[PDB]
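Peer 1: Give me coordinates for this.
(one chain, ligands or ions: 1)
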Amino acid sequence: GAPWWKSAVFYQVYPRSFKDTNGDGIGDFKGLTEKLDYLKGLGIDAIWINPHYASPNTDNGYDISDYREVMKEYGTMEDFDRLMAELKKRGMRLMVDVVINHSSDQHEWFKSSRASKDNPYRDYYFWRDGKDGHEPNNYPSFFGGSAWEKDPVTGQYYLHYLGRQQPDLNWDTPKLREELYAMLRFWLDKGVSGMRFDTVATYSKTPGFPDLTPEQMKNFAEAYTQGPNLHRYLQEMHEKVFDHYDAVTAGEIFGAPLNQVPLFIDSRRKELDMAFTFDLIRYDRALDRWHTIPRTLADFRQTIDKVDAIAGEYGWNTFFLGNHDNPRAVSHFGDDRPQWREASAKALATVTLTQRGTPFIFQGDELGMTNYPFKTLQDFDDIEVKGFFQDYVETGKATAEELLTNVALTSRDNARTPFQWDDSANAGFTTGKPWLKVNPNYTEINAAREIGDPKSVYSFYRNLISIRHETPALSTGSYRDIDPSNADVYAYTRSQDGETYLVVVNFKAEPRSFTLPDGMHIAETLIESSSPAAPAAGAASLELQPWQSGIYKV
Ligand SMILES: [Ca+2]
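Peer 2: Numbering: from 1, shown residues only. I have put the structure below:
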């Protein structure tokens, strides 16, 4: 038998933006608990929640000031316990986010570490002398300026790959590793079923902190994944923690070269169970992370083919088209214009739910939610956009208007607007003022209207999820791309135990034809979207409407 997580469908909840129950404009645990029936009815097996720990929220939960306490905005430990109990009543599982590349600068470890050079917490973090009058080296931060921040108390700099208020934890220090392992056991003893490791590839730092070369500077995210002790630390964590439990582990392998991914997920290596990779989701992103570079379906499918190959026999991939760090799937990979939004969102649901891997549906994608119409830079909450303002606008590299036009397409805030529950005030998300503005298209895109309509995006996701659950080949079967060079129609097979299925997805807003491989014929149509008629049993070809998708037994 294959482990449960290989055939599960996960849903990602960004709790801040899912459901508010107390008018403060921020989503909370009670809100999520009240919506479990909605997720159960969609067919979700497991939920991954973004970080839910005590946090000053300079990066919305990813700056944690106490790993053993819940975030004040989300509720109390009792609320979290109640969430767990209600998930369990429904046979559902919880995956939590684990953020141990860095902590908050408000964490008591860091308050102590920074206080002097000779204290027991000094080497919980990285403290270094500046060089030639400036920073220890030329490392940049993802969130703006240098990755090194001076502390006048000791006159040394501390390292922060992310924000200034997210100092990196020092995995080279054994006592620090032991603290992290104990903290993980604290949550696993509560029964959590999965853990997702934020920026898991950056834990090991390079000895001596030499300068990056000019080449490396342009792709610094990759350099940060090349620490010599990385796999040693991941293997130790598995031996001391995950060997004692029955939880699934998944790594956000951001910035690593694709050919190193098997090191994290080959089951023989006893590291992680599954990979989140970013080759596909960043396939059309410029190196600066805020421009977009036009790509075609041939690029999209060739990337998938490569990622599939690296899982091979002993590894396992997740599959996702959206998360809390990226623009909305239908806007990014589909066509979000009024006339094409529903058809292309369905086509993308078909893709997501028929890939070899564990699919993750990002909250609101089952409604066909879109990017937000930002008008000014003040419409963004996101600290990454403030950092681009700092690195590009303040330095005269770009104008504010150039930053705005381009980041409107790429910003994480596109994924973070409140979930659209119905057409009441604030889309039923809150009775107060939402922390981030609700998209005005909530009058046309909302759960209440979608659930009631058999022809909706929600209904199609629901139907695909049943089909996947009922068809073993569609989770664990082999994957074969019929024609990796085709830039119009995406077609592939899934097969297991002598049964083969064909998936065919038109990525053009125009009619297209499709010819099956010589010798292959349609046996049955499981489901189609935007199609006037199923093919005839025995068909050797298909006539596709704009954005038509389908699954066929062959
Ligand atoms: Ca609230």
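
Peer 1: Please report the number of neighbouring residues for the nearest residue to residue 523 once chain neighbours are set aside.
Peer 2: Distances taken as CB to CB, 6 or more residues apart in numbering place residue 553 nearest to residue 523, at 4.5 Å, with adjacent residues excluded. Every C-beta, even on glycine, is put in place using the N, C-alpha and C of the backbone. Using other CB atoms under 10 Å, residue 553 is surrounded by 15 other residues.

Peer 1: How about residue 137?
Peer 2: 19.

Peer 1: do you know how far residue 81 is from the ion?
Peer 2: The spacing between residue 81 and the ion, counted by CB to the ion, to the nearest Å, is 18 Å.

Peer 1: what secondary structure does the residue of the stretch 101-250 of the chain found nearest the ion sit in?
Peer 2: Nearest residue of the stretch 101-250 of the chain to the ion, counting by CB to the ion: residue 104, 20.9 Å away. The three-state label given to residue 104 by DSSP: H, G, I helix; E, B strand; the rest coil is coil.

Peer 1: show me the contacts for the residue nearest to residue 523.
Peer 2: 499, 500, 501, 502, 522, 523, 524, 526 (CB atoms under 8 Å, 6 or more residues apart in numbering).

Peer 1: The fourth one should be in a strand, yeah?
Peer 2: Just to be clear, that refers to residue 502. Yes. Residue 502 forms part of a strand when assessed by three-state DSSP.

Peer 1: number of nearby residues for it?
Peer 2: 26.

Peer 1: Across the sheet, point out what pairs with the residue nearest to residue 523.
Peer 2: Beta-bridge pairing for residue 553 (DSSP bridges): residue 501, residue 524.

Peer 1: and the gap between it and residue 526?
Peer 2: Per CB to CB, to the nearest Å, residue 553 is found 7 Å from residue 526.

Peer 1: Residues in contact with both of those two, list them for me.
Peer 2: Joint contacts of residue 553 and residue 526 (CB under 8 Å, 6+ apart) are residue 501.

Peer 1: Please report phi then psi for residue 234.
Peer 2: Main-chain dihedrals, residue 234, degrees, to the nearest 10: phi -60, psi -40.

Peer 1: For it, give me its contacts.
Peer 2: 200, 203, 264, 271, 272.

Peer 1: mind listing what the first one touches?
Peer 2: Shown here is residue 200, whose contacts under the criterion CB under 8 Å, 6+ apart are 101, 234, 251, 252, 253, 264, 272.

Peer 1: hmm, try it at 10 Å
Peer 2: By CB atoms under 10 Å, 6 or more residues apart in numbering, the residues touching residue 200 are 98, 100-101, 225, 230, 233-234, 237, 249-254, 256, 264, 271-272, 275-276.

Peer 1: One more: residue 509?
Peer 2: Going by CB under 10 Å, 6+ apart, residue 509 touches 334, 335, 337, 339, 340, 343, 344, 545, 546, 547.

Peer 1: rerun that using 6 Å as the cut-off
Peer 2: For residue 509, the contacting residues are 340, 546, by CB atoms under 6 Å, 6 or more residues apart in numbering.

Peer 1: The ion contacts on the chain?
Peer 2: 20, 22, 24, 26, 28 (CB under 5 Å from the ion).

Peer 1: Can you lay out those residues as JSON lines showing neighbour count and secondary structure?
Peer 2: Shown next, in JSON lines, are those (neighbours: other CB atoms under 10 Å; DSSP: H, G, I helix; E, B strand; the rest coil):
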{"residue": "20", "neighbour count": "26", "secondary structure": "coil"}
{"residue": "22", "neighbour count": "14", "secondary structure": "coil"}
{"residue": "24", "neighbour count": "15", "secondary structure": "coil"}
{"residue": "26", "neighbour count": "24", "secondary structure": "coil"}
{"residue": "28", "neighbour count": "23", "secondary structure": "coil"}
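
Peer 1: residue ranges of the helices in the stretch 51-200 of the chain, please?
Peer 2: 77-89, 108-113, 174-188 (DSSP state H, counting those that start in this stretch).

Peer 1: So which of the ones you listed is the most surrounded?
Peer 2: The highest mean neighbour count among those, using mean count of other CB atoms under 10 Å, belongs to helix 108-113: a mean of 18.

Peer 1: Quick one: distance of it to the chain centre.
Peer 2: Distance of helix 108-113 from its chain centroid, counting by CA atoms, centre = their mean, to the nearest Å, is 30 Å.

Peer 1: Thanks again, I'm all set now.
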